[PDB]
Amino acid sequence: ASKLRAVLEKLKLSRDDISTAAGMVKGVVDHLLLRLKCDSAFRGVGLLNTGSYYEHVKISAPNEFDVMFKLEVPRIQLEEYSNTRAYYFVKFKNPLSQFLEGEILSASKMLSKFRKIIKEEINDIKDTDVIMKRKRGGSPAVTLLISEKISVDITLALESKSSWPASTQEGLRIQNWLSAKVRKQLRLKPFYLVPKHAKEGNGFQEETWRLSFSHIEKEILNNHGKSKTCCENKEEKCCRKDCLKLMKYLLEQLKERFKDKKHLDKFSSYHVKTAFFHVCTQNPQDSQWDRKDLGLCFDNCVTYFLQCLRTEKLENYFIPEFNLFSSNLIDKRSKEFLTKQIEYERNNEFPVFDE
Ligand SMILES: Cc1oncc1/C(O)=C(\C#N)C(=O)Nc1ncc(S(C)(=O)=O)c(-c2cccc(F)c2)n1
Ligand SMILES: Nc1ncnc2c1ncn2[C@@H]1O[C@H](COP(=O)(O)OP(=O)(O)OP(=O)(O)O)[C@@H](O)[C@H]1O
Ligand SMILES: [Mg+2]
Ligand SMILES: [Mg+2]
Ligand SMILES: [Zn+2]
């Protein structure tokens, strides 16, 4: 109650920091898109603004932005990699011919050239401080740092206007919440492939791409009620986004405190975002998200997330047979360790939230 409202107040973004950040990001991004379009392989590239900033669920500071540089590949032919449900080979039924490795459009080759053109172009921005960060972790994105403060993740994304792959057939269970008619409209939209590679033993299948529905996630978060006027009037202010912000802060704070020995490195904000969409499906009515039930609604989010950890099950919201919490990705010790830390916080009314 009083305690969670105080935390939400602290996580609010300053209008002044938003104004300055948005100006700086949009200028660097609009420039790189202009420049990339001069390469014959990237002529049709377009921008999509995605992730927590554009979903209005970014917490603490506007210091991390996400953008997709999307490219329509017509006549695209997909082959699921090794029953992974989320990872695919891309084949054709000319423009990208330089990135072919046999019949296969190589994600690694396309990503290397994308990164190379961006790296060359930022070095000829003279008006503004822009560096590229080192290639770190499993991200499909190239990461920039603007004026030593603002991180920008830019992912290449192939756009397919074809029907979503079969692995999404039982995904996006929004019928009871956002309606069947909305599920149908959303599935008529394109889907994206980003250069995140399937695991292969010690290594990776450097050719493979992964499905992305970041654009659908944004549409859902910014149009998130059963009521079309959800959060447009002081009588319909739900706590859905407040719950997701508090879950993000719970995870960020535990990861910071356990930095000494880094037990929580496999966990990411996308784990709490996925878990949150599942609680939305379970609790489809706006009356299950009344501002006056914030503490209960937060508890619903914490308890589902604890069940996900204990059961080692957290389905991708779009691809049900893709388990983000399988032992292939996160070891059992790491899940039991996060379970123990979140139980403690739940049992002591979230001391990690004091200061
Ligand atoms: C940029 C951008 O714009 N739209 C989407 C988009 C975007 O990042 C993705 C898309 N589509 C995407 O898939 N990112 C992603 N995927 C896997 C992973 S991990 C934890 O490695 O498995 C990560 C990731 C890696 C390190 C830190 C971190 F915080 C996240 N990031
Ligand atoms: N493992 C993943 N699988 C699928 N999509 C992912 C994955 N990780 C990130 N994404 C997509 O990329 C977007 C940007 O990811 P990022 O890590 O920046 O998180 P975010 O949602 O922006 O939240 P924050 O940046 O505040 O932690 C996500 O919102 C999601 O659409
Ligand atoms: Mg982000
Ligand atoms: Mg990011
Ligand atoms: Zn609302």
# chains A, B, ... in the order shown; residues from 1 in each chain; ligands from 1
call {"tool": "residues_around", "arguments": {"residues": "region 82-92 of chain A", "least_positions_apart": "5", "cutoff": "10 Å", "atoms": "only C-alpha atoms", "output": "PyMOL selection string"}}
result
chain A and resi 73-77+100+102-107+158+165-168+193-200+205+207-212+316+318-323
call {"tool": "residues_around", "arguments": {"residues": "residue 279 (chain A)", "least_positions_apart": "2", "cutoff": "12 Å", "atoms": "only C-alpha atoms", "output": "PDB file with N, CA and C atoms, in the first residue's frame"}}
result
ATOM      1  N   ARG A 173      -2.546 -15.700 -25.793  1.00  0.00           N
ATOM      2  CA  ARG A 173      -3.861 -16.131 -25.235  1.00  0.00           C
ATOM      3  C   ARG A 173      -4.589 -14.928 -24.619  1.00  0.00           C
ATOM      4  N   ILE A 174      -5.013 -13.980 -25.460  1.00  0.00           N
ATOM      5  CA  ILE A 174      -5.524 -12.646 -25.018  1.00  0.00           C
ATOM      6  C   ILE A 174      -7.044 -12.580 -25.216  1.00  0.00           C
ATOM      7  N   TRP A 177      -9.141 -11.380 -22.414  1.00  0.00           N
ATOM      8  CA  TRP A 177      -8.629 -10.097 -21.894  1.00  0.00           C
ATOM      9  C   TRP A 177      -8.837  -9.002 -22.946  1.00  0.00           C
ATOM     10  N   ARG A 240      -1.851  -2.175 -13.687  1.00  0.00           N
ATOM     11  CA  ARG A 240      -1.111  -3.157 -14.518  1.00  0.00           C
ATOM     12  C   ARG A 240       0.333  -2.700 -14.716  1.00  0.00           C
ATOM     13  N   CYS A 243       2.429  -2.627 -11.448  1.00  0.00           N
ATOM     14  CA  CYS A 243       2.848  -3.996 -11.091  1.00  0.00           C
ATOM     15  C   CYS A 243       4.075  -4.394 -11.904  1.00  0.00           C
ATOM     16  N   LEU A 244       4.073  -4.163 -13.209  1.00  0.00           N
ATOM     17  CA  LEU A 244       5.247  -4.545 -14.045  1.00  0.00           C
ATOM     18  C   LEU A 244       6.466  -3.717 -13.616  1.00  0.00           C
ATOM     19  N   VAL A 272      10.570 -11.116 -16.244  1.00  0.00           N
ATOM     20  CA  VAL A 272       9.405 -10.559 -15.505  1.00  0.00           C
ATOM     21  C   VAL A 272       8.363 -10.031 -16.496  1.00  0.00           C
ATOM     22  N   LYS A 273       8.743  -9.539 -17.685  1.00  0.00           N
ATOM     23  CA  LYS A 273       7.738  -9.013 -18.640  1.00  0.00           C
ATOM     24  C   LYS A 273       6.838 -10.168 -19.112  1.00  0.00           C
ATOM     25  N   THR A 274       7.433 -11.300 -19.444  1.00  0.00           N
ATOM     26  CA  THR A 274       6.737 -12.530 -19.909  1.00  0.00           C
ATOM     27  C   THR A 274       5.796 -13.026 -18.812  1.00  0.00           C
ATOM     28  N   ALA A 275       6.310 -13.198 -17.604  1.00  0.00           N
ATOM     29  CA  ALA A 275       5.513 -13.620 -16.431  1.00  0.00           C
ATOM     30  C   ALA A 275       4.341 -12.666 -16.231  1.00  0.00           C
ATOM     31  N   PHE A 276       4.554 -11.366 -16.428  1.00  0.00           N
ATOM     32  CA  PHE A 276       3.508 -10.340 -16.254  1.00  0.00           C
ATOM     33  C   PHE A 276       2.382 -10.553 -17.277  1.00  0.00           C
ATOM     34  N   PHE A 277       2.711 -10.801 -18.539  1.00  0.00           N
ATOM     35  CA  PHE A 277       1.688 -10.979 -19.595  1.00  0.00           C
ATOM     36  C   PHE A 277       0.844 -12.210 -19.232  1.00  0.00           C
ATOM     37  N   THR A 281      -3.287 -12.537 -18.671  1.00  0.00           N
ATOM     38  CA  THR A 281      -4.176 -13.585 -19.235  1.00  0.00           C
ATOM     39  C   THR A 281      -5.028 -14.198 -18.103  1.00  0.00           C
ATOM     40  N   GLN A 282      -4.407 -14.517 -16.959  1.00  0.00           N
ATOM     41  CA  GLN A 282      -5.044 -15.178 -15.782  1.00  0.00           C
ATOM     42  C   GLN A 282      -6.069 -14.244 -15.134  1.00  0.00           C
ATOM     43  N   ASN A 283      -5.781 -12.940 -15.138  1.00  0.00           N
ATOM     44  CA  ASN A 283      -6.573 -11.846 -14.546  1.00  0.00           C
ATOM     45  C   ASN A 283      -7.030 -10.904 -15.654  1.00  0.00           C
ATOM     46  N   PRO A 284      -7.948 -11.332 -16.555  1.00  0.00           N
ATOM     47  CA  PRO A 284      -8.309 -10.518 -17.724  1.00  0.00           C
ATOM     48  C   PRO A 284      -9.194  -9.279 -17.511  1.00  0.00           C
ATOM     49  N   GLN A 285      -9.880  -9.147 -16.364  1.00  0.00           N
ATOM     50  CA  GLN A 285     -10.821  -8.022 -16.094  1.00  0.00           C
ATOM     51  C   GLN A 285     -10.078  -6.838 -15.468  1.00  0.00           C
ATOM     52  N   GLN A 288      -9.784  -6.678 -11.741  1.00  0.00           N
ATOM     53  CA  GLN A 288      -8.694  -7.464 -11.103  1.00  0.00           C
ATOM     54  C   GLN A 288      -7.382  -6.665 -11.014  1.00  0.00           C
ATOM     55  N   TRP A 289      -7.389  -5.375 -11.394  1.00  0.00           N
ATOM     56  CA  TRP A 289      -6.218  -4.456 -11.438  1.00  0.00           C
ATOM     57  C   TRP A 289      -6.610  -3.073 -10.917  1.00  0.00           C
ATOM     58  N   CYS A 297      -2.372  -7.143  -6.153  1.00  0.00           N
ATOM     59  CA  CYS A 297      -2.058  -7.332  -7.594  1.00  0.00           C
ATOM     60  C   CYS A 297      -0.550  -7.588  -7.713  1.00  0.00           C
ATOM     61  N   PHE A 298       0.257  -6.843  -6.983  1.00  0.00           N
ATOM     62  CA  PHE A 298       1.717  -7.080  -6.968  1.00  0.00           C
ATOM     63  C   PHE A 298       1.989  -8.486  -6.455  1.00  0.00           C
ATOM     64  N   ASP A 299       1.304  -8.883  -5.386  1.00  0.00           N
ATOM     65  CA  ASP A 299       1.464 -10.235  -4.811  1.00  0.00           C
ATOM     66  C   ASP A 299       1.092 -11.284  -5.858  1.00  0.00           C
ATOM     67  N   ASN A 300       0.010 -11.081  -6.613  1.00  0.00           N
ATOM     68  CA  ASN A 300      -0.339 -12.039  -7.697  1.00  0.00           C
ATOM     69  C   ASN A 300       0.871 -12.182  -8.650  1.00  0.00           C
ATOM     70  N   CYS A 301       1.524 -11.081  -9.007  1.00  0.00           N
ATOM     71  CA  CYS A 301       2.674 -11.115  -9.952  1.00  0.00           C
ATOM     72  C   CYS A 301       3.863 -11.859  -9.305  1.00  0.00           C
ATOM     73  N   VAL A 302       4.178 -11.566  -8.049  1.00  0.00           N
ATOM     74  CA  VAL A 302       5.308 -12.211  -7.315  1.00  0.00           C
ATOM     75  C   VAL A 302       5.033 -13.718  -7.200  1.00  0.00           C
ATOM     76  N   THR A 303       3.803 -14.115  -6.800  1.00  0.00           N
ATOM     77  CA  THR A 303       3.474 -15.545  -6.561  1.00  0.00           C
ATOM     78  C   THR A 303       3.527 -16.302  -7.890  1.00  0.00           C
ATOM     79  N   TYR A 304       2.999 -15.801  -9.021  1.00  0.00           N
ATOM     80  CA  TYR A 304       3.136 -16.511 -10.326  1.00  0.00           C
ATOM     81  C   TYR A 304       4.621 -16.662 -10.689  1.00  0.00           C
ATOM     82  N   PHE A 305       5.414 -15.612 -10.473  1.00  0.00           N
ATOM     83  CA  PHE A 305       6.861 -15.616 -10.813  1.00  0.00           C
ATOM     84  C   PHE A 305       7.600 -16.665  -9.964  1.00  0.00           C
ATOM     85  N   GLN A 307       6.159 -19.386  -8.788  1.00  0.00           N
ATOM     86  CA  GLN A 307       5.712 -20.696  -9.354  1.00  0.00           C
ATOM     87  C   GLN A 307       6.508 -21.055 -10.592  1.00  0.00           C
ATOM     88  N   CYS A 308       6.704 -20.088 -11.501  1.00  0.00           N
ATOM     89  CA  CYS A 308       7.570 -20.233 -12.690  1.00  0.00           C
ATOM     90  C   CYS A 308       8.963 -20.732 -12.256  1.00  0.00           C
ATOM     91  N   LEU A 314       8.494 -21.172 -17.728  1.00  0.00           N
ATOM     92  CA  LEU A 314       8.094 -19.791 -18.106  1.00  0.00           C
ATOM     93  C   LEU A 314       8.076 -19.755 -19.632  1.00  0.00           C
ATOM     94  N   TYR A 317       5.509 -15.883 -24.343  1.00  0.00           N
ATOM     95  CA  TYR A 317       4.087 -15.507 -24.404  1.00  0.00           C
ATOM     96  C   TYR A 317       3.534 -15.805 -25.794  1.00  0.00           C
TER      97      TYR A 317
END
call {"tool": "residues_near_ligand", "arguments": {"ligand": "ligand 2", "cutoff": "6 Å", "atoms": "only C-alpha atoms and all ligand atoms", "output": "MDAnalysis selection string"}}
result
chainID A and resid 51:52 58 64 66 212 214 269:270
call {"tool": "write_last_selection", "arguments": {"atoms": "N, CA and C atoms", "output": "CSV table (one decimal), in the first residue's frame"}}
result
chain,number,residue,atom,x,y,z
A,51,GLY,N,10.5,-1.8,-26.7
A,51,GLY,CA,11.0,-2.0,-25.3
A,51,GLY,C,10.4,-0.9,-24.4
A,52,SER,N,10.9,-0.9,-23.2
A,52,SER,CA,10.3,-0.4,-22.0
A,52,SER,C,10.1,1.2,-22.1
A,58,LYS,N,9.7,1.8,-18.5
A,58,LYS,CA,11.1,2.1,-18.2
A,58,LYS,C,11.1,2.7,-16.8
A,64,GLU,N,18.1,3.8,-21.3
A,64,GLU,CA,18.1,2.6,-22.2
A,64,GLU,C,16.9,2.6,-23.1
A,66,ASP,N,15.4,1.0,-27.1
A,66,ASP,CA,15.5,-0.2,-28.0
A,66,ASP,C,14.8,0.2,-29.3
A,212,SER,N,10.8,-12.5,-33.1
A,212,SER,CA,10.6,-11.3,-32.3
A,212,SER,C,9.1,-10.9,-32.5
A,214,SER,N,8.2,-8.0,-30.5
A,214,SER,CA,8.4,-6.8,-29.7
A,214,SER,C,7.3,-5.7,-30.1
A,269,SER,N,15.0,-8.6,-17.4
A,269,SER,CA,13.7,-8.0,-17.3
A,269,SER,C,12.7,-8.7,-18.2
A,270,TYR,N,13.1,-9.3,-19.3
A,270,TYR,CA,12.2,-10.0,-20.2
A,270,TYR,C,11.5,-11.2,-19.5
call {"tool": "closest_atom_pairs", "arguments": {"of": "chain A", "to": "ligand 3", "cutoff": "12 Å", "atoms": "only C-alpha atoms and all ligand atoms", "output": "tab-separated table"}}
result
residue	atom	partner	partner_atom_place_in_ligand_line	distance
A:49	CA	ligand 3	1 (Mg)	10.3
A:50	CA	ligand 3	1 (Mg)	7.8
A:51	CA	ligand 3	1 (Mg)	4.7
A:52	CA	ligand 3	1 (Mg)	5.1
A:53	CA	ligand 3	1 (Mg)	6.7
A:54	CA	ligand 3	1 (Mg)	9.1
A:55	CA	ligand 3	1 (Mg)	9.7
A:56	CA	ligand 3	1 (Mg)	10.8
A:57	CA	ligand 3	1 (Mg)	9.5
A:58	CA	ligand 3	1 (Mg)	7.4
A:59	CA	ligand 3	1 (Mg)	10.1
A:61	CA	ligand 3	1 (Mg)	11.4
A:62	CA	ligand 3	1 (Mg)	9.6
A:63	CA	ligand 3	1 (Mg)	8.9
A:64	CA	ligand 3	1 (Mg)	5.3
A:65	CA	ligand 3	1 (Mg)	5.2
A:66	CA	ligand 3	1 (Mg)	5.3
A:67	CA	ligand 3	1 (Mg)	9.0
A:68	CA	ligand 3	1 (Mg)	11.7
A:139	CA	ligand 3	1 (Mg)	11.7
A:141	CA	ligand 3	1 (Mg)	11.0
A:143	CA	ligand 3	1 (Mg)	11.0
A:150	CA	ligand 3	1 (Mg)	11.1
A:151	CA	ligand 3	1 (Mg)	8.8
A:152	CA	ligand 3	1 (Mg)	8.2
A:153	CA	ligand 3	1 (Mg)	7.5
A:154	CA	ligand 3	1 (Mg)	10.4
A:155	CA	ligand 3	1 (Mg)	11.7
A:214	CA	ligand 3	1 (Mg)	10.8
A:218	CA	ligand 3	1 (Mg)	11.7
A:248	CA	ligand 3	1 (Mg)	11.3
A:268	CA	ligand 3	1 (Mg)	10.5
A:269	CA	ligand 3	1 (Mg)	8.5
A:270	CA	ligand 3	1 (Mg)	9.2
A:273	CA	ligand 3	1 (Mg)	11.2
call {"tool": "select_by_dssp", "arguments": {"residues": "region 1-38 of chain A", "states": "alpha helix (DSSP H)", "output": "VMD selection string"}}
result
chain A and resid 2 to 11 15 to 36
call {"tool": "closest_atom_pairs", "arguments": {"of": "chain A", "to": "ligand 5", "cutoff": "10 Å", "atoms": "only C-alpha atoms and all ligand atoms", "output": "JSON lines"}}
result
{"residue": "A:221", "atom": "CA", "partner": "ligand 5", "partner_atom_place_in_ligand_line": "1 (Zn)", "distance": 9.1}
{"residue": "A:222", "atom": "CA", "partner": "ligand 5", "partner_atom_place_in_ligand_line": "1 (Zn)", "distance": 8.8}
{"residue": "A:223", "atom": "CA", "partner": "ligand 5", "partner_atom_place_in_ligand_line": "1 (Zn)", "distance": 8.0}
{"residue": "A:224", "atom": "CA", "partner": "ligand 5", "partner_atom_place_in_ligand_line": "1 (Zn)", "distance": 6.1}
{"residue": "A:225", "atom": "CA", "partner": "ligand 5", "partner_atom_place_in_ligand_line": "1 (Zn)", "distance": 5.3}
{"residue": "A:226", "atom": "CA", "partner": "ligand 5", "partner_atom_place_in_ligand_line": "1 (Zn)", "distance": 8.7}
{"residue": "A:227", "atom": "CA", "partner": "ligand 5", "partner_atom_place_in_ligand_line": "1 (Zn)", "distance": 8.3}
{"residue": "A:228", "atom": "CA", "partner": "ligand 5", "partner_atom_place_in_ligand_line": "1 (Zn)", "distance": 9.1}
{"residue": "A:229", "atom": "CA", "partner": "ligand 5", "partner_atom_place_in_ligand_line": "1 (Zn)", "distance": 7.9}
{"residue": "A:230", "atom": "CA", "partner": "ligand 5", "partner_atom_place_in_ligand_line": "1 (Zn)", "distance": 4.2}
{"residue": "A:231", "atom": "CA", "partner": "ligand 5", "partner_atom_place_in_ligand_line": "1 (Zn)", "distance": 4.1}
{"residue": "A:232", "atom": "CA", "partner": "ligand 5", "partner_atom_place_in_ligand_line": "1 (Zn)", "distance": 7.8}
{"residue": "A:233", "atom": "CA", "partner": "ligand 5", "partner_atom_place_in_ligand_line": "1 (Zn)", "distance": 9.4}
{"residue": "A:236", "atom": "CA", "partner": "ligand 5", "partner_atom_place_in_ligand_line": "1 (Zn)", "distance": 6.6}
{"residue": "A:237", "atom": "CA", "partner": "ligand 5", "partner_atom_place_in_ligand_line": "1 (Zn)", "distance": 5.4}
{"residue": "A:238", "atom": "CA", "partner": "ligand 5", "partner_atom_place_in_ligand_line": "1 (Zn)", "distance": 4.1}
{"residue": "A:239", "atom": "CA", "partner": "ligand 5", "partner_atom_place_in_ligand_line": "1 (Zn)", "distance": 6.6}
{"residue": "A:240", "atom": "CA", "partner": "ligand 5", "partner_atom_place_in_ligand_line": "1 (Zn)", "distance": 6.2}
{"residue": "A:241", "atom": "CA", "partner": "ligand 5", "partner_atom_place_in_ligand_line": "1 (Zn)", "distance": 7.5}
{"residue": "A:242", "atom": "CA", "partner": "ligand 5", "partner_atom_place_in_ligand_line": "1 (Zn)", "distance": 9.7}
{"residue": "A:286", "atom": "CA", "partner": "ligand 5", "partner_atom_place_in_ligand_line": "1 (Zn)", "distance": 7.2}
{"residue": "A:289", "atom": "CA", "partner": "ligand 5", "partner_atom_place_in_ligand_line": "1 (Zn)", "distance": 7.9}
{"residue": "A:290", "atom": "CA", "partner": "ligand 5", "partner_atom_place_in_ligand_line": "1 (Zn)", "distance": 8.9}
{"residue": "A:291", "atom": "CA", "partner": "ligand 5", "partner_atom_place_in_ligand_line": "1 (Zn)", "distance": 9.3}
call {"tool": "closest_residue", "arguments": {"among": "A:33, A:18, A:131, A:342", "to": "residue 247 (chain A)", "atoms": "only C-alpha atoms"}}
result
A:342
call {"tool": "atom_distance", "arguments": {"atom1": "CA of residue 189 (chain A)", "atom2": "CA of residue 324 (chain A)"}}
result
24.4 Å
